[PDB]
Structure formats: structure tokens, C-alpha cells
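Just one chain is shown here, as C-alpha cells, and it is the form deposited in one PDB entry.
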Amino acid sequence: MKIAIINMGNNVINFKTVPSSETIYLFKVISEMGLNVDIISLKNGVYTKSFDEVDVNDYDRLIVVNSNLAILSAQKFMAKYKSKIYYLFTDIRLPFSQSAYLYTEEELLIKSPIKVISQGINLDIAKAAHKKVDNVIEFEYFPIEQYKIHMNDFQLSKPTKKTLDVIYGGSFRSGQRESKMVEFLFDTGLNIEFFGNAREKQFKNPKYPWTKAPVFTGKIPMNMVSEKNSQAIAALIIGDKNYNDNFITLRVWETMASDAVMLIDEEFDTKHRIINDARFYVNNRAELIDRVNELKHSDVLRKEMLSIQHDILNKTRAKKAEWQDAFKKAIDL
């Protein structure tokens, strides 16, 4: 049984960009499952083989991720593949999709059936997002994002000195989460830092007025996110509208593993699936401020909440074998 992983829109070579790093970490976890796997990309190197040096059909299972040469090559490669394509649906804004003088569609048209492995539990949302796909398509839920906590070298963050009140790391996401970012992170009167690719100048929509913004700092490597989260008393979990009561995102685990107390927007998880404890949830800005002040003022509460969230994380890690079994079942092995 031979498996190939391709990133449909980004080049994979090193840990320099985020889309390249998650493909390599996905590749690492699948390898640690005891599977023979290769990443196919633009060039040959320590982590990859080139599209030109392999025969797509030598692979029994083709896994496709997403996060222009990379886009044109992957399509030509997939267009020649004669079996089912397993698409990892990890971001609502990136459903599977078919992308001029240099191109013929008989060379780029993908006719294979596609199995969408949705990171969100609500398959109707995944189906609605893939409405335009002409292909034969099937859907299945798999919590792909747990890959980080199941890696062999995973470890919780240690207690660290606090220099911030609340931290959130991420990008602007085309303004898809602007109302939520402004509500929980702007005008709080607290010491907040927003790290990642966002900038203050992007927050320009007149519908969400604000006076003072959080401090914006640059991006950091994926493997340093929990350590960065750890410099704060609390770290925020918010999501796009279609992630609510649907997607558990990577930040949930990155935060849970950190030394920062995880504070979750109520609307993201109304049933309280993540942690069945109301102390970890906030409905709005007023509640976030009060919760952060309670945590800054009672070490007994902060330590208890950290202890509880680390316990939930360890409980989940304890099921690594079942998680690995389900992933193999999802890819028909």
C-alpha cells in the first residue's frame, strides 16, 4: 500500500511558510502511523519527490491538502490519476475545486471521484461548500486537526512568566471574522497582542467601530505557537460563522496545550463539546474582561483551569490508536 500527499495550491519544500509546514507535519503523522508515504511537489528535496519523477498511478491512495506552478502541476497530476482522490477539507474557504494558452482541459480536467474528509462534523456545511463540484463526491467527518497532539514529539508548555493578558494568533482571513476580532480583542482596556499576518490597517469596515486596537506583531513558525500563546494569562478561541458548532480548529489544541487558559466564544461551541465547564466560555467583550480579571486575581482559579484543560488534552491524546485507526478507515485502508 503506497500513499502520496500533494498540496494543491502551495509549494512544499521546508518549514518556511505555513502551508508547506502543515503538509510536512501531516506527512510526518501519517508516516508515524506506519504508512509508506511520499509528498509530491515541484522539486525533489529532503521531504519531497517531484511530479516529474514519479508515476501518479504508482500510488494506491492520493491525499490532497490545500492552504501558478503548484496549482497547475497538481491538477495535471491529479488529472492523470485513475482512482479516488481523498481531499482534506480543513478550511471553509478552501473547498476542492477545478481551476490559458498553455493549457488543454483534457490535461487539466479531473474526472476521478472525490471523497471529502471534512474537519467539521456537520456534513451539510461541507456539502453546501462543494455545491459546484461536478465530480462524483462523497463526504465523511474526521478530526484531522488533532494531528498536532498525536505527533510523537508532542509536549505541553511549562509554566511561563506572564507579560500579556490575552493573546490571539492568526491572519485576517479576508475579513471573514472581523466582527468577532473587534468584539473580543479591541477596546478591552486589557493588554492584548494579536500575532500572525494581520495588521491594524486591515480593520477598516465601518460596521464595526473601535477606538483602540490590540498590539500587532509578526508571524512566528507553526512549531512556536503554543510557546507564544504561553506568554499570556488567556488565549482566545473564535471562528468563522460556518465553524460554529462544526469545526474544532488547530488553535483549540495549540491553546489547550499552552500555559494560557483557553477562553472560548460561546457561539463557537454552544453545546460545550470542547470542555464541559462554563468557566471557559465568554459571550461578549464584557464577559472576557471580567474572566481575565478573575484569572489575573486568583492563582487558585487560573491553575485549576489550566489543570482541567491539560487533562482534557491528555485524555484525547490517550486515544491516539483509535484516531489512527479512524484515519486509515477514512482513506479506505
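We call the rigid core the largest set of C-alpha positions that still match within 1.5 Å between the two forms. A residue's number is simply how far along the shown sequence it sits, counting from 1.
According to the record, the deposited sequence contains 4 to 9 residues between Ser99 and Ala100 that were left without coordinates.
Stretch comparison (255-263 versus 223-231) by mean CA B-factor in the PDB entry places 223-231 on top. Judged by mean Cα B factor in the deposited record, 214-222 ranks above the other of 233-241 and 214-222. If you compare the C-alpha temperature factors of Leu164, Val182, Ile85, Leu109 in the entry, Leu109 comes out highest. Set against one another, the Cα B-factors of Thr188, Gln119, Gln75, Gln146 in the record reach their highest point at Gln75. Placement of the Cα temperature factor of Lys43 within the chain: highest third of the modelled residues, per the deposited record. Per-chain ranking of the deposited C-alpha B factor places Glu193 in the lowest third. When the modelled residues of the chain are ordered by their C-alpha B factor, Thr17 lands in the highest third. Looking at the C-alpha B-factors along this chain, the one for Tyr208 belongs to the middle third. Among the modelled residues of the chain, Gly175 sits in the highest third by CA temperature factor in this PDB entry.
Unshown form deposited in another entry; subsequent notes refer to it.
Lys148: CA moves less than 2 Å between this form and the one not shown after rigid-core fitting. Taking the rigid core as fixed, one finds a CA shift for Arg173 of 2 Å or more between this form and the one not shown. Core-superposed comparison between this form and the one not shown: the Cα of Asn122 travels less than 2 Å.
A change of 3 Å or more separates the two forms for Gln176 and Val282: their C-alpha atoms lie closer together in the other entry.
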